[PDB]
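S.K.: Give me the fold of what follows.
(one chain, ligands or ions: 3)
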Amino acid sequence: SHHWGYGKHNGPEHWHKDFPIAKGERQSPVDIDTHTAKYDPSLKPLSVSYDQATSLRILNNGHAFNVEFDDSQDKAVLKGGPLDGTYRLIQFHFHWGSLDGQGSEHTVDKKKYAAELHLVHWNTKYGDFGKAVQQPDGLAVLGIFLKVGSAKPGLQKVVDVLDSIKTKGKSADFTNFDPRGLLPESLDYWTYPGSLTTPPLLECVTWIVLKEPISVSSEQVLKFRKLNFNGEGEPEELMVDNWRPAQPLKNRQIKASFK
Ligand SMILES: COc1cc2c(cc1OC)CN(S(N)(=O)=O)CC2
Ligand SMILES: COc1cc2c(cc1OC)CN(S(N)(=O)=O)CC2
Ligand SMILES: [Zn+2]
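M.R.: Residues are numbered from 1 along each chain as shown. Ligands and ions are numbered 1, 2, ... in the order given. You can find the structure just below:
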């Protein structure tokens, strides 16, 4: 209900008490064991078509910040790869850490990255996002790791607006943002069936996790860490470590798009 989060007392280890699916058979994130993932020749080429993406607004929802898109038409879509049909971009957000050595949700051979970007798309055959999350193939989330190094120019516009949405419930106009600037060079990926990584933890996501991390600067991620979980006029709780740890793989195979 009201109060799941990422603190010591309402964090991932507590979510199962309100969302029993937390201990389910296809939970996310997972560790990606690179030596055990198998190249899959049946995967079709991945198609990220964001040229007509229409960003609208950026929102601090008390868990992360969301950059929201107009998904009232097929303006920005994800197709191909493991996906059947057309998945429409609705929003992106990140998960990040208090320190550069943690923050990602997925891990790679148990390595944690400083952060992880989630580009969230819903299967248009289900008509709207709320319907799609009730379906095993309702969403496709494109996950991209962030490591700390050189600045990501295409991220800076996001960074510079965070001061205006410091606290929970704050939003700002965020039009004309092009998410293609957040992508790495290669679209090589791993894929597996999983879930939302926050409550309600619905098992409705085809995860597509890019192999190549993007580099962002220390300065850029430091500004992520100045956001607040709390609302305005409440004691400051820095928005850090808003990641769920790796969950049991159970009866799933992670597939690779690349040899
Ligand atoms: C009112 O105090 C609390 C409320 C709740 C939790 C813990 C609390 O004490 C810290 C954890 N749940 S959960 N299972 O993570 O969704 C949500 C509600
Ligand atoms: C708006 O409803 C939600 C949307 C999303 C999430 C949770 C939601 O309800 C809490 C978390 N995921 S994620 N982390 O990529 O698995 C995707 C977007
Ligand atoms: Zn996420």
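
S.K.: all strands of the stretch 151-259 of the chain, in order?
M.R.: 171-173, 189-194, 205-210, 214-216, 255-256 (DSSP state E, counting those that start in this stretch).

S.K.: Just put those in TSV and tack on distance to residue 179.
M.R.: C-betas here are computed from N, CA, C, even on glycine. Listed next are the strands of the stretch 151-259 of the chain as TSV, based on distance: least, C-beta to C-beta, whole Å:
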stretch	distance to residue 179
strand 171-173	16
strand 189-194	17
strand 205-210	13
strand 214-216	12
strand 255-256	24
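
S.K.: which of those strands sits most buried?
M.R.: Stretch with highest mean neighbour count among the strands of the stretch 151-259 of the chain: strand 205-210 (a mean of 25; mean count of other C-beta atoms under 10 Å).

S.K.: Who are the packing partners of that strand?
M.R.: strand 139-148, strand 189-194 (3 or more C-beta pairs under 8 Å, 6 or more residues apart in numbering; DSSP states H and E).

S.K.: Return the distance of the residue lying closest to residue 169 once chain neighbours are set aside relative to residue 66.
M.R.: Ranked by C-beta to C-beta, 6 or more residues apart in numbering and with sequence neighbours excluded, the top spatial neighbour of residue 169 is residue 231, at 5.7 Å. Shown here: residue 231 relative to residue 66, a distance of 16 Å by C-beta to C-beta, to the nearest Å.

S.K.: Can you name the residues in contact with stretch 239-248?
M.R.: 6, 12, 27-31, 60, 63-64, 95-98, 102-107, 116, 197-198, 224-225, 227-229 (C-beta atoms under 8 Å, 6 or more residues apart in numbering).

S.K.: Which single residue of the stretch 51-200 of the chain ends up nearest ligand 1?
M.R.: residue 199 (6.1 Å; C-beta to the nearest ligand atom).

S.K.: check contacts around the closest residue to residue 107 other than its chain neighbours.
M.R.: Using C-beta to C-beta, 6+ apart and skipping residues adjacent in sequence, the residue nearest residue 107 is residue 31, 4.8 Å away. Counting by C-beta under 8 Å, 6+ apart, residue 31 touches 106, 107, 108, 109, 110, 246, 249.

S.K.: how many other residues sit next to residue 241?
M.R.: Each residue near residue 241 was counted by other C-beta atoms under 10 Å, and the total is 16.

S.K.: contacting residues for the closest residue to residue 220 other than its chain neighbours?
M.R.: Leaving aside its chain neighbours, residue 220 sits nearest to residue 159 (5.1 Å; criterion: C-beta to C-beta, 6+ apart). Going by C-beta under 8 Å, 6+ apart, residue 159 touches 220, 223, 224.

S.K.: coming back round to it: among the contacts of residue 31, who's most crowded?
M.R.: residue 106 leads these on contacts (other C-beta under 10 Å) with 27 neighbours.

S.K.: Contacts only, for that residue.
M.R.: 28, 29, 30, 31, 32, 116, 143, 145, 207, 209, 246.

S.K.: Mind doing that once more with 6 Å?
M.R.: The contact partners of residue 106, by C-beta atoms under 6 Å, 6 or more residues apart in numbering, come to 29, 32, 143, 209.

S.K.: do residue 46 as well
M.R.: 80, 81, 187.

S.K.: Number of residues surrounding the residue nearest to it when sequence neighbours are not counted?
M.R.: Sequence neighbours aside, residue 81 is the residue nearest to residue 46 in space, at 4.0 Å (criterion: C-beta to C-beta, 6+ apart). The burial count assigned to residue 81 is 22, neighbours taken as other C-beta under 10 Å.

S.K.: So which bits of the stretch 51-200 of the chain are right by ligand 2?
M.R.: Neighbours of ligand 2 within the stretch 51-200 of the chain, by C-beta under 6 Å from any ligand atom: 118, 120, 141, 196, 197, 198, 199.
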